[PDB]
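Visitor: This is the structure I want to talk about, given as structure tokens.
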Amino acid sequence: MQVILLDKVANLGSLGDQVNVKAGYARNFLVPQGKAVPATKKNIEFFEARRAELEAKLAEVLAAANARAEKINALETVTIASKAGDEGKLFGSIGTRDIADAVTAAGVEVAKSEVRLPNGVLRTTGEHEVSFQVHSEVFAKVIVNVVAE
Amino acid sequence: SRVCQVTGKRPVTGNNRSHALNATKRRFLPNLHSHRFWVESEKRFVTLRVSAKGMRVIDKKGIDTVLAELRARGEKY
RNA sequence: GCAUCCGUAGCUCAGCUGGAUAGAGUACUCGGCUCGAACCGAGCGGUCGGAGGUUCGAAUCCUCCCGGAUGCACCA
RNA sequence: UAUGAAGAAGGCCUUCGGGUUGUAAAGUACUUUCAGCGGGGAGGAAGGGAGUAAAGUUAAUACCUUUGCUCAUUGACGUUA
RNA sequence: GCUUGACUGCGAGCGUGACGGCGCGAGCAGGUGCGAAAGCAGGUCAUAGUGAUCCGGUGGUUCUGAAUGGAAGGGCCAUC
RNA sequence: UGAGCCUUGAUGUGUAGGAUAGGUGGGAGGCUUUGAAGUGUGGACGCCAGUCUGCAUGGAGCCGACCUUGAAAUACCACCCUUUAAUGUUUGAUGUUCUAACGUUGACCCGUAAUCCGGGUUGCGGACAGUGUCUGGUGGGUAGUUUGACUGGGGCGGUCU
RNA sequence: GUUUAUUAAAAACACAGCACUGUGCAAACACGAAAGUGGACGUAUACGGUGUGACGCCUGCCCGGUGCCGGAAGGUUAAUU
RNA sequence: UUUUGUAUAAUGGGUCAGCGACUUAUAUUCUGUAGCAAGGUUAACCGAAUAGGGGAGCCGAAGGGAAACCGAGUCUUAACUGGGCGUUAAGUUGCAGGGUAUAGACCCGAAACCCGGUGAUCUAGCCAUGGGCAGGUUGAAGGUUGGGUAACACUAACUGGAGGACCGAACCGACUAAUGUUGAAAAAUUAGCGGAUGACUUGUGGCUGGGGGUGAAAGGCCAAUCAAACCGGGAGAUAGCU
RNA sequence: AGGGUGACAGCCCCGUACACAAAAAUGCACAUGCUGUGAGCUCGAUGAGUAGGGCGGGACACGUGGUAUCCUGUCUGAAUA
RNA sequence: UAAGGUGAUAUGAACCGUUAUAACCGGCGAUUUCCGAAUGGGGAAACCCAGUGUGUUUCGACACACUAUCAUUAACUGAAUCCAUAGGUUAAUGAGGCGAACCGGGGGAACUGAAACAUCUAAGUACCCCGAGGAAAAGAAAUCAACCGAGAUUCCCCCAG
Ligand SMILES: [Mg+2]
Ligand SMILES: [Mg+2]
Ligand SMILES: [Mg+2]
Ligand SMILES: [Mg+2]
Ligand SMILES: [Mg+2]
Ligand SMILES: [Mg+2]
Ligand SMILES: [Mg+2]
Ligand SMILES: [Mg+2]
Ligand SMILES: [Mg+2]
Ligand SMILES: [Mg+2]
Ligand SMILES: [Mg+2]
Ligand SMILES: [Mg+2]
Ligand SMILES: [Mg+2]
Ligand SMILES: [Mg+2]
Ligand SMILES: [Mg+2]
Ligand SMILES: [Mg+2]
Ligand SMILES: [Mg+2]
Ligand SMILES: [Mg+2]
Ligand SMILES: [Mg+2]
Ligand SMILES: [Mg+2]
Ligand SMILES: [Mg+2]
Ligand SMILES: [Mg+2]
Ligand SMILES: [Mg+2]
Ligand SMILES: [Mg+2]
Ligand SMILES: [Mg+2]
Ligand SMILES: [Mg+2]
Ligand SMILES: [Mg+2]
Ligand SMILES: [Mg+2]
Ligand SMILES: [Mg+2]
Ligand SMILES: [Mg+2]
Ligand SMILES: [Mg+2]
Ligand SMILES: [Mg+2]
Ligand SMILES: [Mg+2]
Ligand SMILES: [Mg+2]
Ligand SMILES: [Mg+2]
Ligand SMILES: [Mg+2]
Ligand SMILES: [Mg+2]
Ligand SMILES: [Mg+2]
């Protein structure tokens with residue numbers, strides 16, 4: 001009794017997994033409760049289409065991820081106007097909010113959430129490397145500077 | 001009566017044999033069972049008197065397709 | 001018509017569970033002691049159903065039979 | 001965390017027989033608090049604004065202001081509890 | 001004492017049965033045995049010691065083999 | 001919880017002994033910083049003889065091996081068997097707990113002016129029960145029949161080639 | 001009391017009583033291919049079956065045979081594989 | 001008619017008249033007859049059609065052998081001088097007839113088996129609703145009033161009216177005897193007999209159907225029929241018998 | 001051809017052979033008009049719980065037999081030019 | 001078509017016709033009580049009892065028409081239960097029964113024969129049931145042949161006891 005899963009019934013697998021299973025299981029329980037559907041030509045193709053459509057969504061998102069990445073990765077250095085550090089010590093902290101606004105004016109929009117200030121909170125003045133977690137895994141890299149106000 | 005609503009199987013008659021080949025008239029009846037089939041389109045349960053062989057064809061043919069033939073047959077499910 | 005298994009002091013049975021060689025209870029003799037009961041320990045009472053295959057080694061494994069049993073089948 | 005003694009060895013003492021460390025370990029099952037990582041997710045949020053409709057308020061109930069409502073709302077901490 | 005004629009294929013001519021059948025048989029062919037040979041041996045001094053057909057089993061067999069080559073099955077011989 | 005199998009490891013006394021040589025071979029090889037032998041009981045199994053070996057232990061030794069043994073050795077390598085310890089697998093055996101099939105001649109609602117029936121709700125039971133095919137046993141409960149002839153009538157007795 | 005209407009009215013049958021046994025109620029059982037119905041709108045102080053046949057005194061021995069009941073280890077054993 | 005045997009006192013027949021039993025179809029064999037002849041003959045069908053056409057086929061002229069095969073030979077066997085079966089010998093198609101075969105098969109006759117129906121207006125049981133049982137006895141429990149007891153118990157009288165109770169008509173049954181036995185009546189009458197308020201009896205309806213019913217149980221009853229009703233069908237069952 | 005007529009009728013009668021007949025209804029057939037109906041060509045497609053199988057029967061002349069083939073009550077189950 | 005004619009037992013009576021409305025024959029209509037599929041309900045067949053509506057009036061009634069069930073289809077309404085669905089009410093069509101044999105299908109004997117009797121025979125016969133037609137059924141090769149070919153089904157004669 002081949003049947004296509006609609007959820008993660010017990011150990012049978014997850015949504016979209018044709019598996020051989022004893023008739024009774026689906027003939028009177030899985031199907032009348034809607035937890036799965038019989039593995040038939042029409043249904044299987046539609047689910048396989050749904051499978052490939054979510055694959056295309058995964059492709060498209062990760063494709064646009066490298067887009068943002070390159071947009072700002074290659075150089076694209078930005079600097080912000082922070083109260084003159086005066087012989088050093090900056091007069092303030094450069095937070096995720098402020099750094100996001102800077103890159104956003106440059107064009108490459110970034111939300112502070114995504115920003116990840118490595119090994120510090122941008123306390124000094126002058127040049128300081130930065131990074132951005134553009135995607136769920138893809139890592140970027142940008143140089144940011146500071147000058148007078 | 002003992003008639004399958006899907007396959008139309010009905011009682012048939014035969015012979016009891018023996019080691020002496022003596023023949024006595026008998027009847028073979030289908031393995032009929034009353035089952036409540038879930039029809040998705042109407043989101044309802046419809047009860048059918050089906051044989052065990054009929055149960056197998058319902059999975060293969062689909063619940064909707066067999067009922068379409070039944071309406072053509074005028075079996076009054 | 002096959003298939004399997006069994007055969008061991010006189011008896012009932014272990015088989016010395018499949019080759020590195022026979023055990024018990026009972027039967028019987030003697031003894032312990034004791035009127036008989038009744039108790040005990042020694043001794044005696046078997047070449048292992050029979051005949052072929054083996055190997056250094058089979059009552060024990062192989063072949064063949066004999067007798068017994070249980071099964072099967074089954075319509076000259 | 002429990003099992004786990006040959007009371008391992010080694011350490012030290014030794015009445016040279018031993019004892020002591022010590023079931024401690026090793027080993028063998030077992031679990032993953034928090035810290036590792038990942039993915040969700042309250043609460044702090046009340047507000048005003050825009051509208052509406054009615055009411056009070058009028059010469060005109062225009063003006064408002066009071067209701068109710070309707071839409072969209074805002075969290076520094078905060079990759080929060 | 002030596003042996004396997006308790007032979008194989010056949011059989012002129014007879015006997016006895018309603019029949020199925022049963023019995024006797026010289027001689028012939030091929031191969032034997034015992035005799036030096038003539039010769040004798042197709043079981044036992046003779047007359048009882050037995051059971052048809054169907055069905056099934058076993059061996060042999062260039063007989064057959066349902067399009068063809070096989071085979072199954074059948075037939076024939078031996079035999080249960 | 002049985003079990004066929006998965007691979008691994010491991011297992012093996014006639015005696016003689018060199019004896020933890022199962023058999024079968026090749027077999028002067030073997031041996032070897034990869035840790036020479038090796039110490040620490042590492043234990044198991046087994047003759048409880050002995051053997052391999054868990055991590056370290058130290059630093060060059062290590063070993064075919066004549067009387068005998070059928071044979072020559074857990075020196076040696078290949079191949080089997082036995083003994084098999086574990087390993088996955090594939091089938092079953094029960095036991096426990098579920099609900100969703102199925103049962104309900106439990107309750108309630110509706111069809112409905114209805115002790116039928118059907119539907120709905122709910123409870124209980126539940127992979128049983130029950131039914132189908134096949135199958136073993138039982139079955140004068142019910143059938144179809146058989147149950148001889150000769151014979152100083154028949155039966156009884158006797159007889160049948 | 002009942003019985004062979006039409007040759008037998010009895011010592012035969014029934015009988016109250018007694019005992020055994022089955023039956024937990026969707027009861028056993030019976031009529032029905034089945035549904036269902038009777039049992040019973042009853043519930044073991046009930047119902048069915050069997051034998052005996054008021055009452056009185058009593059009902060002894062045998063489980064080998066044949067049935068029935070209980071046991072389930074072993075032997076044997078169908079479909080199936 | 002049947003028999004070893006019948007005047008037989010064995011069967012049959014009162015008589016007459018009418019009717020009443022070896023047939024039909026197909027196939028096969030034999031005889032007779034006719035035709036053709038090593039050949040004979042067509043069937044269905046066609047057809048103005050008893051003609052003609054149609055030779056599809058059938059039988060015969062060659063057999064032997066299980067068969068392959070061979071062939072006036074063949075089989076048997078290694079092989080037969082052998083032996084078995086064959087080889088000189090006319091058949092075939094009609095018609096008639098004698099047999100045989102399948103059909104009911106010369107005619108008449110079973111008791112029965114099976115199938116489908118009809119019957120519980122009779123009777124058996126049951127269900128519902130009504131009815132009937134003159135008269136006369138016996139006098140239970142209980143109750144009352146006394147007597148007795150501490151109270152009972154107990155006892156007496158009087159009330160009461162219990163019972164598959166008693167005697168006995170209707171009603172119902174049917175024990176004995178006589179008659180009747182071609183009956184007044186295919187089971188009765190006469191004189192007696194048992195029950196007769198009950199497990200009674202009865203009216204009117206209803207229900208149970210044949211291997212079934214029902215049965216206080218006799219194999220009883222189920223429409224004068226019961227160890228398996230009646231009616232029709234299988235059916236002209238079968239009948240080694242008369 | 002037959003029948004009838006006072007006994008046996010070619011010429012007595014009814015008929016028969018032939019020759020004719022339909023206002024109306026209807027059968028049949030041809031033609032024709034409407035209402036549907038689709039012809040042809042190309043490219044595709046090619047009947048699955050089915051065939052087959054196990055079990056139990058039945059039908060084929062064929063009784064399970066070495067038994068093909070057909071139908072299937074039951075349990076399974078393909079290939080698909 | 002007609003000079004005769006009012007059916008028969010079966011006369012008679014009273015009449016009708018005679019050249020074409022006597023009668024008779026044929027075609028087409030009209031009427032066609034009651035029972036019966038029977039259909040408004042019931043029922044012991046030829047009987048009993050209605051409902052609705054239209055139209056009549058002498059105010060007592062009266063006359064027509066409709067009102068069975070089932071199948072199919074379409075509307076309208078309409079539960080438990082929100083939609084729905086079941087169900088319900090109308091309206092259209094169709095079917096009901098009868099009839100000889102023949103036909104297809106669903107069931108399916110026994111007597112008998114075997115000199116008994118089980119397999120077998122009788123026989124898929126008798127009978128029962130369902131359905132259809134003037135015919136029915138079958139029918140256009142997953143057929144046969146045999147290395148050559150044939151070309152749906154049905155029927156007849158052979159093949160052939
Ligand atoms: Mg943590
Ligand atoms: Mg063939
Ligand atoms: Mg009997
Ligand atoms: Mg018979
Ligand atoms: Mg006799
Ligand atoms: Mg009496
Ligand atoms: Mg009498
Ligand atoms: Mg009486
Ligand atoms: Mg009497
Ligand atoms: Mg008694
Ligand atoms: Mg006993
Ligand atoms: Mg006993
Ligand atoms: Mg005389
Ligand atoms: Mg006389
Ligand atoms: Mg006479
Ligand atoms: Mg002639
Ligand atoms: Mg002619
Ligand atoms: Mg010819
Ligand atoms: Mg010759
Ligand atoms: Mg003749
Ligand atoms: Mg005759
Ligand atoms: Mg009395
Ligand atoms: Mg009296
Ligand atoms: Mg009396
Ligand atoms: Mg009678
Ligand atoms: Mg009978
Ligand atoms: Mg009759
Ligand atoms: Mg007959
Ligand atoms: Mg007769
Ligand atoms: Mg196709
Ligand atoms: Mg199949
Ligand atoms: Mg079969
Ligand atoms: Mg055979
Ligand atoms: Mg046979
Ligand atoms: Mg076959
Ligand atoms: Mg009416
Ligand atoms: Mg017979
Ligand atoms: Mg017609």
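Residues in the structure tokens are named by chain (A, B, ... in the order shown) and by number from 1 within that chain; ligands are numbered from 1 in the order shown.
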I need the chain B residues near chain I as a list in words; criterion: at most 10 Å, counting only C-alpha atoms (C1' of nucleotides).

Guide: residues 9, 10, 11, 12, 13, 14, 15, 16, 17, 21, 26, 27, 28, 29, 30, 31, 52, 53, 54, 56, 57, 58, 59, 60 and 61 of chain B

Visitor: Could you report the residues within 8 Å of ligand 8, using only C-alpha atoms (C1' of nucleotides) and all ligand atoms, as a list in words?

Guide: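 So the residues close to ligand 8 are residues 3 and 5 of chain G; 173 of chain H.
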
Visitor: Those selected residues, please, written with C-alpha atoms (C1' of nucleotides) and delivered as a PDB file, in the first residue's frame.

Guide:
```pdb
ATOM      1  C1'   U G   3     -54.180 -42.460  25.670  1.00  0.00           C
ATOM      2  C1'   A G   5     -61.253 -41.279  16.408  1.00  0.00           C
TER       3        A G   5
ATOM      4  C1'   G H 173     -66.407 -39.210  28.066  1.00  0.00           C
TER       5        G H 173
END
```

Visitor: Let's see if you can do this: from backbone DSSP, list all helix (DSSP H, G or I) residues in chain B, as a VMD selection string.

Guide: chain B and resid 52 to 61 63 to 73

Visitor: Per DSSP on the backbone, filter segment 1-146 of chain A down to the residues in strand (DSSP E) and report them as a PyMOL selection string.

Guide: chain A and resi 3-5+36-38+78-81+128-130+142-146

Visitor: Could you tell me, counting only C-alpha atoms (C1' of nucleotides) and all ligand atoms, which protein and nucleic acid residues lie no more than 12 Å from ligand 27, written as a ChimeraX atom specification?

Guide: /H:112-117,229-235

Visitor: Calculate how many Å separate atom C1' of residue 101 of chain J from atom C1' of residue 25 of chain H, rounding to one decimal.

Guide: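 Calculated distance between atom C1' of residue 101 of chain J and atom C1' of residue 25 of chain H is 24.3 Å.
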